[PDB]
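Step one of this worksheet: look at the structure below.
Excluded from the calculations below are hydrogen atoms, water molecules and symmetry mates; all remaining heavy atoms, backbone and side chain alike, are included. Note on naming: letters A, B, ... go to the chains in the order of the sequence lines (proteins, then strands), and numbering restarts at 1 for each one.
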Amino acid sequence: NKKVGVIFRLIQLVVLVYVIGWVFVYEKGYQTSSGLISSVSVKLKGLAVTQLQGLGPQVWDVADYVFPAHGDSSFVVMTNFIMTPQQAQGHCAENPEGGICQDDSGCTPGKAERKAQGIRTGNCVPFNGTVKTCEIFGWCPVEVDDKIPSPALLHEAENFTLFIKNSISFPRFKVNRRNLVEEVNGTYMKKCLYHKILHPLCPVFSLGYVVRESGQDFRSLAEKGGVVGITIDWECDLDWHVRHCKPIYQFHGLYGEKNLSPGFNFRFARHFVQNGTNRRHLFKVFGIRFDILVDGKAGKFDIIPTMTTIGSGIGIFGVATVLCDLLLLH
Amino acid sequence: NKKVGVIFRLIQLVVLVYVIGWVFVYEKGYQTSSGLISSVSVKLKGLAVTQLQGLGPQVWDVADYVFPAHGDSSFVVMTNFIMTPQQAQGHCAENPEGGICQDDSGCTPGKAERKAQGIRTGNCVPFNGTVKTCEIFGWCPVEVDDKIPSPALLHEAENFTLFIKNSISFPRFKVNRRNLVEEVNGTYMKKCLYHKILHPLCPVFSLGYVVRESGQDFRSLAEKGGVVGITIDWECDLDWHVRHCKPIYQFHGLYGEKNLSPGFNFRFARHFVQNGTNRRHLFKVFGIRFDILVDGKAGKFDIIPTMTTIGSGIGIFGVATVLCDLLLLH
Amino acid sequence: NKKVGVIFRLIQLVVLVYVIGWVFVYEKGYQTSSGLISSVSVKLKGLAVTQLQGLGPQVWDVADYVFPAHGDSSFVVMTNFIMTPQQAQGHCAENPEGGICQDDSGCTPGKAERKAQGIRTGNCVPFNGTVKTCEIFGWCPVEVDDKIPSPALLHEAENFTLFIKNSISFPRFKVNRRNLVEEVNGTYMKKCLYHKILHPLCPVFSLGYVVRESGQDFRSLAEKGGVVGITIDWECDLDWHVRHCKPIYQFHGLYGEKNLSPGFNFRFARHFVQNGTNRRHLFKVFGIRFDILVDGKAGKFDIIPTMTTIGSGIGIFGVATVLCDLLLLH
Ligand SMILES: Nc1ncnc2c1ncn2[C@@H]1O[C@H](COP(=O)(O)OP(=O)(O)OP(=O)(O)O)[C@@H](O)[C@H]1O
Ligand SMILES: Nc1ncnc2c1ncn2[C@@H]1O[C@H](COP(=O)(O)OP(=O)(O)OP(=O)(O)O)[C@@H](O)[C@H]1O
Ligand SMILES: Nc1ncnc2c1ncn2[C@@H]1O[C@H](COP(=O)(O)OP(=O)(O)OP(=O)(O)O)[C@@H](O)[C@H]1O
Ligand SMILES: *[C@@H]1O[C@H](CO)[C@@H](O)[C@H](O)[C@H]1NC(C)=O
Ligand SMILES: *[C@@H]1O[C@H](CO)[C@@H](O)[C@H](O)[C@H]1NC(C)=O
Ligand SMILES: *[C@@H]1O[C@H](CO)[C@@H](O)[C@H](O)[C@H]1NC(C)=O
Ligand SMILES: *[C@@H]1O[C@H](CO)[C@@H](O)[C@H](O)[C@H]1NC(C)=O
Ligand SMILES: *[C@@H]1O[C@H](CO)[C@@H](O)[C@H](O)[C@H]1NC(C)=O
Ligand SMILES: *[C@@H]1O[C@H](CO)[C@@H](O)[C@H](O)[C@H]1NC(C)=O
Ligand SMILES: *[C@@H]1O[C@H](CO)[C@@H](O)[C@H](O)[C@H]1NC(C)=O
Ligand SMILES: *[C@@H]1O[C@H](CO)[C@@H](O)[C@H](O)[C@H]1NC(C)=O
Ligand SMILES: *[C@@H]1O[C@H](CO)[C@@H](O)[C@H](O)[C@H]1NC(C)=O
Ligand SMILES: [Ca+2]
Ligand SMILES: [Ca+2]
Ligand SMILES: [Ca+2]
Ligand SMILES: [Mg+2]
Ligand SMILES: [Mg+2]
Ligand SMILES: [Mg+2]
């Protein structure tokens, strides 16, 4: 049957087109792929002055709110903190969140099994005028985090500038690339701000813009903490010039339920010696967690992948022809 | 032969069964896979008081034994330390491990090529009553780690509480999930402890339980340090409801031979100014290294993967039928 | 035809040889593969004395130039720094890089939008004898990083010793391995330096040797900063003894163009209290960024991968025979 022959030829044409069109070109089979080695470097430029009630103005610079000062892909930017100054080790009252005692007989000498705040001496001392707490041994100024200021202390950190330095290199092809490209020059970085469409190559990122691109409001993240995920893509083709290789930045919002465990927070201390006595300052920092992940793939022409793809295409064409013959045979 | 025909049918059915079940149901081939972006948040709530000989009691709160206070997937929990207080720079004796001198002629001015402890002045000073060491320019109180206390100083860190907050999101499906599943509530986290069977969803992990589940003893590990690997896997099917997404916590023991380089240790210093002189406190912290790695995949029904799997199954079926025909013809 | 059959037999033999020769053995199709759980531990040794102009000799031990003292795969080794001591908050002049004012009317009260150094009070004060800068509210001693010393301060860090402790464990096969192997003993670690050919198993890496193996000169990296990428490979076969499993170290140079943002640098501060006044020391550290990434694969004999590879080879052989028959047909 002439019609049957035409159908067989048509099937052959479709599969032949598919192997050259998709496997060879869309999937870039003629090229080999390998991994890269990336190093993330971050730098902040911003200053926020927070005036605490009953205390002098406090100046914070890049070294203050950037706790990973050495440089890492995962860093926290301080936006709100609770300061407990002049802490000293001694016998004093604990926080009321642990327990409330009405007499000395209720207190038990020892340490709490869960959420321990210190070594209980065994006496009930008044925490304030109304309630009384157990007497413990340790830092007497307790971190009273029951009251969180609604206005963010470091609210100026919204429209600051963030610089990300990423250098990637493919060991198979021995090609090294950096986030700074030929289009980006010295004068450009002096005034550019990163944008999704306008300035995709500007390495100066705005914290508020980064938070808004992920889908989160900066006010709540500055108040109670947050997590922002940043991803850098390096998919490119090595057949063209290295100028075409440009990184693509994507921002993802990592958030959960607001009722249980809202935001991100931690604690750190600064130990010092004043008047011959060891003292420290404890801070409950509510900062935004920034995570940077780099992943990319590069392809360059090679003969062995091309031959393997040609063989696979010939095999698929043969299998398709045999299946078409079996179907036409019925 | 009727029997030969039956054999052909039997092979044909079994290959069809394999494509129908293993390829689909088991492998979720009709479902696409994509990576996730994860951010690890850790918080400790424990207190240990160490009372060394010759010094007052020292209280170590969360800000003390957690050196990565900012928060990272890789953190060290202090369990044992060697304190060398009131260090000041000057010309004084070195450690006996560097070298032993019997006269001033044996000492050579300069710096040691390997394991240098300071700049030698060229004089031999007595380290103690018996032996003499080279005079170097550096911190006079030399950390002598020859004696390691068998009882762990921060031995209370065994049954403390560790909270791990992990937020994962898939960019392909735009679905965000957190380790705090809907089954876990606020009252549940107040008194729950993680267990493989009892409480698999409780985000509160006990350090001693984590060490026991890794095939290690907490005492011998904390005596000299160690490394514990924690892996969180997110294997869920997006075809069902989002409540089915439940993280899996697995603990792996990363240990080596104890005869060569036992445990894990490091050194850090706290710089301060006392009486107009710059001093510091050096600690050789023997702590357990905790590494948290998150890796998971998601699967949702899609048309293109389903069509590709159907085509591959049809091709495999045709190839199997042709091979059976060729074998039966011989 | 005889020659046609001879050519056919030859081709079928060649494909059969290929499947057993390459897919089965070269590719180790029979074995199953899985990932590992790695944990990098680093420890530095060495001392550098930087005698600054008009200041006493400063001793820098391991805890000083190693900012990630707790231990991490990504760490920075200090090689050059700019010290700005005795910083205190107050009203004073700013850096000339922010702006130059000739009168008090030019200054505007508030904070700079980009590269902010403090809160301007609206007054123009002379920074030095020649030029005048805006008056800000913050740390009065400004980090004047216009002059970078050409000789590296911590130039002794070139030929120091770096020890890397890596423990990997395959969860599928329950096999734990460490960078220390049976060939490496206690006496060997006392005196050895890592080499590409001589000492591939010595865990003591020289910083200068690591920098030179990556293709970068250590002098420029100590002067203005640099990034060095280290990779550890754990490809091995579990069919043999565990002694054959040996790590392979590869060093990669991560660098960019020298005109725009050359090297790596950061800033950190050490807070202290002297004479009842809060002070700090700011340092602009020019250090080399070391990134350690571990990846490996282990294979062990299994029956299911062997059967799948045999089936795939039989299918490929059948497809090749069918294609040969079709070619011989016409
Ligand atoms: N977070 C940031 N915001 C704005 N500009 C930045 C930021 N980080 C770096 N830059 C600019 O990029 C240029 C090149 O970066 P480089 O690593 O040389 O910084 P630097 O000059 O060492 O730092 P500094 O400008 O504080 O002296 C610098 O002129 C710097 O001003
Ligand atoms: N290591 C831990 N052990 C036990 N419980 C913890 C731990 N970390 C956090 N939690 C509890 O989980 C709940 C949610 O965590 P969240 O991040 O809100 O801490 P928080 O309430 O801000 O800290 P705090 O309880 O010190 O005020 C809190 O009630 C907290 O007490
Ligand atoms: N950077 C380094 N260069 C050379 N040798 C090192 C280095 N770090 C550690 N080592 C050696 O490796 C051996 C085992 O390491 P381990 O973790 O036991 O150190 P340690 O003995 O606790 O510390 P230290 O050697 O400072 O007393 C030690 O004998 C140590 O001297
Ligand atoms: C005392 O502290 C408790 C702690 O919860 C608080 O409820 C109470 O209002 C405090 N009383 C005064 C007078 O501050
Ligand atoms: C937003 O950016 C502008 C810069 O034009 C700045 O003046 C302003 O303070 C920023 N907003 C906040 C809340 O910091
Ligand atoms: C600086 O870079 C920008 C990139 O947007 C480019 O448009 C501009 O021409 C560059 N300047 C010079 C002087 O090359
Ligand atoms: C002196 O120090 C050396 C150092 O190893 C030690 O062996 C010796 O016992 C010490 N002597 C006394 C009396 O402490
Ligand atoms: C074990 O946990 C209990 C809590 O029930 C605690 O009292 C005890 O101190 C813990 N053990 C150690 C060695 O800390
Ligand atoms: C709290 O969570 C637990 C999970 O084990 C659940 O059994 C319990 O019902 C929850 N409590 C409430 C009040 O929902
Ligand atoms: C004053 O500071 C400016 C800042 O750039 C500098 O150019 C100038 O040389 C300085 N003058 C003196 C006398 O140091
Ligand atoms: C190179 O190593 C030698 C050790 O033999 C050391 O003396 C020398 O100071 C090192 N060079 C530098 C520049 O530190
Ligand atoms: C120490 O290890 C080295 C490895 O190069 C080996 O040659 C030497 O024999 C070992 N020493 C002892 C005492 O086994
Ligand atoms: Ca750190
Ligand atoms: Ca001090
Ligand atoms: Ca890290
Ligand atoms: Mg609280
Ligand atoms: Mg020692
Ligand atoms: Mg500058």
Task: Within 45° cone of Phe283(B) ring axis and under 6.0 Å: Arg270(B) NZ or CZ - done: yes
Minimum side-chain heavy-atom gap [X]-[Y] below 4.5 Å:
X         : Y         : result
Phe163(C) : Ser261(B) : yes
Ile148(B) : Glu223(B) : no
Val142(A) : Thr133(A) : no
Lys111(A) : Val49(B)  : no
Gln58(C)  : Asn278(B) : no
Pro203(C) : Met189(C) : yes

Would you give the length of the straight line joining atom [atom1] of [X] to atom [atom2] of [Y], rounded to the nearest 0.5 angstrom?
X         : Y         : atom1 : atom2 : result
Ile288(B) : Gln216(B) : CD1   : CD    : 8.0 Å
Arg279(C) : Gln274(C) : CZ    : CD    : 5.5 Å
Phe81(A)  : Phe268(A) : CZ    : CZ    : 9.0 Å
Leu207(C) : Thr79(C)  : CG    : OG1   : 10.0 Å
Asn80(B)  : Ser150(B) : CG    : OG    : 9.5 Å
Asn166(C) : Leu254(B) : CG    : CG    : 9.0 Å

Under 3.5 Å, is there a donor-acceptor pair between the side chain of [X] and the main chain of [Y]?
X         : Y         : value
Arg178(C) : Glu257(B) : yes
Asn185(C) : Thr187(C) : no
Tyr65(C)  : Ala157(C) : no
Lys284(B) : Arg267(B) : no
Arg289(C) : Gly71(A)  : yes
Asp72(B)  : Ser74(A)  : no
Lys258(B) : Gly256(B) : yes

Closest contact, heavy atoms only, [X] versus [Y]:
X         : Y         : answer
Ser38(C)  : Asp291(B) : O-OD2, 4.3 Å
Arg120(B) : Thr108(B) : CB-O, 3.6 Å
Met78(B)  : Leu154(B) : O-CD2, 3.4 Å
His281(A) : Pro85(A)  : ND1-CA, 3.3 Å
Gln117(B) : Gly98(B)  : NE2-N, 3.8 Å
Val59(C)  : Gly138(B) : CG2-CA, 4.0 Å

Task: SG atoms of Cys101(B) and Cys124(B) less than 2.5 angstrom apart - done: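 Looking at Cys124(B) and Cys101(B), their sulfur gamma atoms lie closer than 2.5 Å, so the answer is yes.
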- [ ] Show the numbers, then the answer: is there a disulfide (SG to SG under 2.5 Å) between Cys202(C) and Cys192(C)?
- [x] CA-CA 6 Å; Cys202(C) 168; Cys192(C) 74; 2.0 Å; yes
Open item on the list: I'd like to know whether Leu44(C) forms a side-chain contact (heavy atoms from CB on, under 4.5 Å) with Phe160(C), so could you lay out the CA-CA distance, the side-chain angles of the two residues, the decisive distance to 0.1 Å, and finally the verdict.
Closed with: CA-CA 8 Å; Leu44(C) 277 305; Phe160(C) 276 173; 5.7 Å; no
Open item on the list: Within the supplied structure, the quantity of interest is the number of heavy atoms (other residues, nucleotides, ligands) at a distance under 6.0 Å from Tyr255(B) OH; does it exceed 12?
Closed with: no
- [ ] Please indicate whether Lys43(B) has more than 12 foreign heavy atoms, meaning atoms of other residues, nucleotides or ligands, lying under 6.0 Å from its NZ.
- [x] yes
Task: Sequence neighbours excluded, every pair satisfying side-chain hydrogen bond (donor to acceptor under 3.5 Å, both in side chains) that has a member inside residues 45-55 of chain B - done: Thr50(B)-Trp60(B)
TODO: Return the set of residues passing side-chain contact (heavy atoms from CB on, under 4.5 Å) with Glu213(B) (not counting sequence neighbours), or none when no residue passes.
DONE: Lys196(B), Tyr209(B), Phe251(B)
Open item on the list: Under 6.0 Å between ring centres: does that hold for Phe67(C) and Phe75(C)?
Closed with: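 Here the rings of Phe75(C) and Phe67(C) have centres that are no less than 6.0 Å from each other.
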Task: Test side-chain hydrogen bond (donor to acceptor under 3.5 Å, both in side chains) applied to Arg280(C) and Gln86(C), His271(C), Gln87(C), the passing residue - done: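 By the side-chain hydrogen bond (donor to acceptor under 3.5 Å, both in side chains) criterion, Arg280(C) pairs with just one of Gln86(C), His271(C), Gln87(C): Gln87(C).
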Let me have the donor-acceptor pairs involving side chains of residues 90-97 of chain B, under 3.5 Å, with sequence neighbours excluded, atom names and distances please.
{"unit_1": "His91(B)", "atom_1": "ND1", "unit_2": "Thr121(B)", "atom_2": "OG1", "d": "3.3"}
{"unit_1": "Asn95(B)", "atom_1": "ND2", "unit_2": "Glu97(B)", "atom_2": "OE2", "d": "3.2"}

Open item on the list: Assess the residue pair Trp139(C) and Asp61(A) against the criterion (side-chain contact (heavy atoms from CB on, under 4.5 Å)); give the C-alpha distance rounded to whole Å, side-chain angles, the decisive distance to 0.1 Å, and a yes or no.
Closed with: CA-CA 9 Å; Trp139(C) 311 97; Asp61(A) 65 327; 4.2 Å; yes
Task: Chi angles and distances behind the side-chain contact (heavy atoms from CB on, under 4.5 Å) call for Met83(B), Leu55(B) - done: CA-CA 10 Å; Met83(B) 178 177 183; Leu55(B) 190 58; 3.7 Å; yes
Open item on the list: Apply side-chain contact (heavy atoms from CB on, under 4.5 Å) to residues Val227(B) and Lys165(C) and explain how you reach the verdict.
Closed with: CA-CA 11 Å; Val227(B) 178; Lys165(C) 178 182 299 180; over 6 Å; no
Task: Trace of the side-chain hydrogen bond (donor to acceptor under 3.5 Å, both in side chains) decision for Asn128(B) with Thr130(B) - done: CA-CA 6 Å; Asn128(B) 57 5; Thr130(B) 61; 3.2 Å; yes
